[PDB]
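Taking it in order: structure first as structure tokens, then the write-up.
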Amino acid sequence: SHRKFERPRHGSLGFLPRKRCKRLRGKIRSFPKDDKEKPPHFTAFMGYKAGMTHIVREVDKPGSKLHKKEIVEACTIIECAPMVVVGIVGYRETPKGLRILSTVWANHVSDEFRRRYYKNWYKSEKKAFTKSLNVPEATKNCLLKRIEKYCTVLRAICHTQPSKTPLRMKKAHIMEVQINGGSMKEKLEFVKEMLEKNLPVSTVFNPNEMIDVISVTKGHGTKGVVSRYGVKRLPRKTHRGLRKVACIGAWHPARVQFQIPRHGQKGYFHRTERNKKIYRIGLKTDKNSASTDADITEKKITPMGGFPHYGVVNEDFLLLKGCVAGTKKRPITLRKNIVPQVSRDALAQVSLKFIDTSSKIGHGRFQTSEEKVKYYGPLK
Amino acid sequence: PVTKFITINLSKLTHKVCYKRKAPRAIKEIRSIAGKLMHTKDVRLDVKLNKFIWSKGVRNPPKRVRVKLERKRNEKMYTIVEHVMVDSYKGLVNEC
RNA sequence: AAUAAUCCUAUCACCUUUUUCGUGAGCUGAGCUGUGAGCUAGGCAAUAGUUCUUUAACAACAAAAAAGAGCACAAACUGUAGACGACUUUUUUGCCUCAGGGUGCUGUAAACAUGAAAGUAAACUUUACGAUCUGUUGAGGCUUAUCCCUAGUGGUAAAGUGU
RNA sequence: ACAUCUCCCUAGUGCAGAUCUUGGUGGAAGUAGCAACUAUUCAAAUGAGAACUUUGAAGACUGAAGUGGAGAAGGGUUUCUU
RNA sequence: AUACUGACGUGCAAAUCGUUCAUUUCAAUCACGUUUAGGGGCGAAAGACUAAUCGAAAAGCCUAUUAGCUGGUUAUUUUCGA
RNA sequence: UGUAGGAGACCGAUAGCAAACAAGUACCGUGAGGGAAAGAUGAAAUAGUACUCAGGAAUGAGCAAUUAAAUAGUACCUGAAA
């Protein structure tokens, strides 16, 4: 018989299996689509989540209850070392999907790039990319010509520069980035000219843009159904347990109907967060990088005592509105929206009033060490 | 063969283990660390050091201890690890 | 406008004489040789006693000559991971280790005051006893274990296994 | 120690099974499990070999309604040395 | 031995263990010895108890009781066949 | 029934007396009582494993060795099936 009282099912069926991701690096499912009128440009970037801060922002929001008045908001900080392009990928459309024709490489590569292939860099003779050290420039040109002629999608093989970071890892993350815009020839000219250079996030993105965020979630191992799916807890009276499972269900199917909640992995899942606004694209050489029109005071983005488990910011950085999937220290993938967002909020231009640089370890009030010293005074 | 003088922060080592088993496990960690340092399976451990550690009961460790390790032959090869008495461990870097 | 009811296409063994055309190879476009195709002239082969597969196709391997051109696992380290595998790492432009600094957290240590302190008793005004409080004292302690920084100290082995 | 089909008598005379009877044996499985009763460590000795033997040092606990002494029932050489 | 319809429920145990709870100077509790025996005893009554046994104990026998009912009921070919 | 003979178209070690035997025993039951499992080396052990080597020892191996025979070594005949 039917249930007496109705009540929505626990959790989404559409994110079965609730299992571990097979890569640390975020995986872009799909890229931005055709726009021949637009000039060629990069679609994506990897950067590392350093932590969270809060902001004070002045609000326009027409007809709002808050309206004109200022708001305080949480924000994420992502240190972004410039990615380096090392390869060109030429893909061609088939009724079996996109297929690679060939890849064309740069005329030298990083040690950090080579480290990703080696499992035992320390105990090896490091012979990778040494027959493929060089070939005739004619061969390269022929491959480029071939790709222009036959390929219909261009991706650039890019890689991270972890040597510009405090992290334990020295292996680069290597990555394809689709190039979206004009003709394949115009694109090819664009990637070739760009190639060996380093790409700041400011070269890829503009402040105020809405951005799509691709990351693996924070782990937790294998967890019970209550934790995993949020079902109503067992009664005070039971034969056994309280985080112990409900009924599985009907005699027909004469099998477990798969839609039932179950114990198993929780977190370390791949996930796309959508439409996060860029509040500031920071500059490495700016010593005023946390300051605002209201503040106008020399002051770097780095918190008091730095970010938890990451410390100082020493490269360029993205100040992003709101939450981001995964642990601090994790690589995070930024992608442009597949169709550009059109909204009030998308169009809008942020005016910060304050960026916090207080401690995130304890309740350390001070923006600067100098302020802390100034408060306390003489010491022994 | 060599004689070294080291400072062990026991507090970090002792961190994960319950009250009852704190001092025994810390002693086990002491034997394990000394083994690791001198490259010796046979680590002979000072009763006086254990007594010094255990003197405020098993429930808590000293935060920091200065240990003296002696690698000794008599293939066969062992080390002897023993207590060093001092007021406090402020600034006391490792040495040979 | 019967569309495979079509076209292609086999089957002139030989060697030797004669004339032509295609293509490959060596020499210094060309000449010659080879190869493929033809024409011209000769006299030259087959053969197991009647059928019981007409061994005729494709692919793989062993020997013999001739010629051509190192990784991974483990171990330690890690903890963005984890029941255990697995996963993330690093292994001397590092790492571990302590120590210092940063960041903090607790709340002012012991020690000493012929300091203060409700009263107390014993000298001939001085000397005893006294919870407590103040001072020296934002003092003392603790802070990577899953904090940050430091090329600051001392360390940094096994040497195994699969291919 | 064995046959008779030459003939014929005789019988505790023919099993897959009875939650058969009896005996052995598997799969289940190197699994369930060895969770009352706060805790052991170091060194030494013995020995072939020591987390749980012995000695010492520590740490701990029983906490006089005691895992301490005595006795009754009941057991009966379990005692003790070697 | 009230409740947690607690733990336990191939147990530490064929009724244990934990916590809670009732009892504690009398119709009290305990020991030992003693009495009453099977259609019998004994029962502050529940058909209670009378040695892991009870709306009739245990032991042995009449007995291989009886059962229109349940289960099982053993080599082969050929012939007639409900 | 006790003892003594003589028997067999009897059983042949799950059979035959409960008992081929150190069985009316062990063992179980408060007791009355209940009541097992349990034979075979070889002709000869006055042929019962000598010797050596490796082992802490158990054991193992042997150029060593009894026997006609040791995948015949006393948990010893044959040694099926699972």
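In the order they appear, the protein sequences are chains Y and Z. First residue of the first sequence: 2, per the UniProt record's numbering; consecutive thereafter. As numbered in the UniProt record's numbering, residues 15 to 88, 95 to 116 make up the second sequence, in order. The C-beta atom is built at its ideal place from N, Cα and C for all residues, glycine as well.
Under the three-state reduction of DSSP, which class applies to residue i: helix, strand or coil?
| i | result |
| --- | --- |
| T204 (chain Y) | helix |
| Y377 (chain Y) | helix |
| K23 (chain Y) | coil |
| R8 (chain Y) | coil |
| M305 (chain Y) | coil |
| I297 (chain Y) | coil |
| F259 (chain Y) | coil |
| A51 (chain Y) | strand |
| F318 (chain Y) | strand |
| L99 (chain Y) | strand |
| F355 (chain Y) | strand |
| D287 (chain Y) | coil |
| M176 (chain Y) | strand |
| residue 382 (chain Y) | The shown model of chain Y, from 2 to 381, leaves out residue 382 (chain Y), and the question about it has no answer. |
| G222 (chain Y) | coil |
| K238 (chain Y) | coil |
| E38 (chain Y) | coil |
| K66 (chain Y) | coil |
| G323 (chain Y) | coil |
Have a look at the options and flag the residue whose alpha-carbon is nearest the alpha-carbon of residue i.
| i | options | result |
| --- | --- | --- |
| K132 (chain Y) | Y:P341, Y:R117, Y:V154 and Y:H109 | Y:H109 |
| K69 (chain Y) | Y:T77, Y:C76, Y:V60 and Y:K322 | Y:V60 |
| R4 (chain Y) | Y:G250, Y:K37 and Y:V87 | Y:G250 |
| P9 (chain Y) | Y:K288, Y:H253, Y:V232 and Y:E274 | Y:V232 |
| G98 (chain Y) | Y:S65, Y:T153, Y:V73 and Y:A82 | Y:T153 |
| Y230 (chain Y) | Y:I158, Y:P201 and Y:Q266 | Y:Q266 |
| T77 (chain Y) | Y:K171, Y:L14 and Y:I56 | Y:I56 |
| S216 (chain Y) | Y:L353, Y:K50 and Y:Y119 | Y:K50 |
| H103 (chain Z) | Z:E95, Z:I67 and Z:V72 | Z:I67 |
| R336 (chain Y) | Y:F367, Y:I362 and Y:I279 | Y:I279 |
| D36 (chain Y) | Y:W106, Y:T44 and Y:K322 | Y:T44 |
| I47 (chain Z) | Z:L27, Z:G71 and Z:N64 | Z:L27 |
| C248 (chain Y) | Y:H240, Y:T239, Y:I261 and Y:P236 | Y:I261 |
| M53 (chain Y) | Y:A326, Y:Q350, Y:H174 and Y:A82 | Y:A326 |
| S13 (chain Y) | Y:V205, Y:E210 and Y:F259 | Y:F259 |
| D213 (chain Y) | Y:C324, Y:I175 and Y:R345 | Y:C324 |
| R58 (chain Y) | Y:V340, Y:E74, Y:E299 and Y:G48 | Y:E74 |
| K18 (chain Z) | Z:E84, Z:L59, Z:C32 and Z:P38 | Z:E84 |
| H160 (chain Y) | Y:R263, Y:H264 and Y:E197 | Y:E197 |
On the DSSP letters alone, give me the boundaries of the beta strand (DSSP E) that residue i sits inside.
| i | result |
| --- | --- |
| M211 (chain Y) | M211 to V217 |
| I79 (chain Y) | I72 to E80 |
| residue 1 (chain Y) | Chain Y is shown only over 2 to 381; residue 1 (chain Y) falls outside these bounds and no answer can be derived. |
| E126 (chain Y) | That residue, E126 (chain Y), is in no beta strand (DSSP E); it is neither H nor E in DSSP. |
| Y118 (chain Y) | That residue, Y118 (chain Y), is in no beta strand (DSSP E); its alpha helix (DSSP H) goes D112 to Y118. |
| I100 (chain Z) | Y98 to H103 |
Can you name the residues that DSSP bridges to residue i?
| i | result |
| --- | --- |
| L335 (chain Y) | Y:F46 and Y:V214 |
| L63 (chain Z) | In DSSP, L63 (chain Z) forms no bridge with anything. |
| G88 (chain Y) | Y:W106 and Y:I158 |
| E115 (chain Z) | Z:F19 |
| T273 (chain Y) | Y:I215 |
| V79 (chain Z) | Z:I22 |
| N199 (chain Y) | Y:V85 |
| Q266 (chain Y) | Y:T223 |
| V57 (chain Y) | Y:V73 and Y:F355 |
Which whole-angstrom value describes the C-beta separation of residue i and residue j, a residue pair presumed to lie in contact below a C-beta threshold of 8 Å?
| i | j | result |
| --- | --- | --- |
| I41 (chain Z) | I22 (chain Z) | 11 Å between Cβ atoms; not a contact. |
| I79 (chain Y) | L319 (chain Y) | 5 Å |
| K172 (chain Y) | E94 (chain Y) | The Cβ separation is near 33 Å, so there is no contact. |
| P304 (chain Y) | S359 (chain Y) | 7 Å |
| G27 (chain Y) | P236 (chain Y) | Their Cβ separation, rounded to whole angstroms, is 42 Å, which puts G27 (chain Y) and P236 (chain Y) out of contact at 8 Å. |
| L51 (chain Z) | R80 (chain Z) | Not really, about 14 Å apart at Cβ, beyond 8 Å. |
For the alpha helix (DSSP H) that contains residue i, what are its first and last residues?
| i | result |
| --- | --- |
| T28 (chain Z) | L24 to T28 |
| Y151 (chain Y) | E138 to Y151 |
| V192 (chain Y) | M185 to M195 |
| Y33 (chain Z) | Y33 to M52 |
Does the beta carbon of residue i fall short of 7 Å from some heavy atom of the ligand SAM?
| i | result |
| --- | --- |
| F191 (chain Y) | The model depicted lacks the ligand SAM and carries no ligand whatsoever. |
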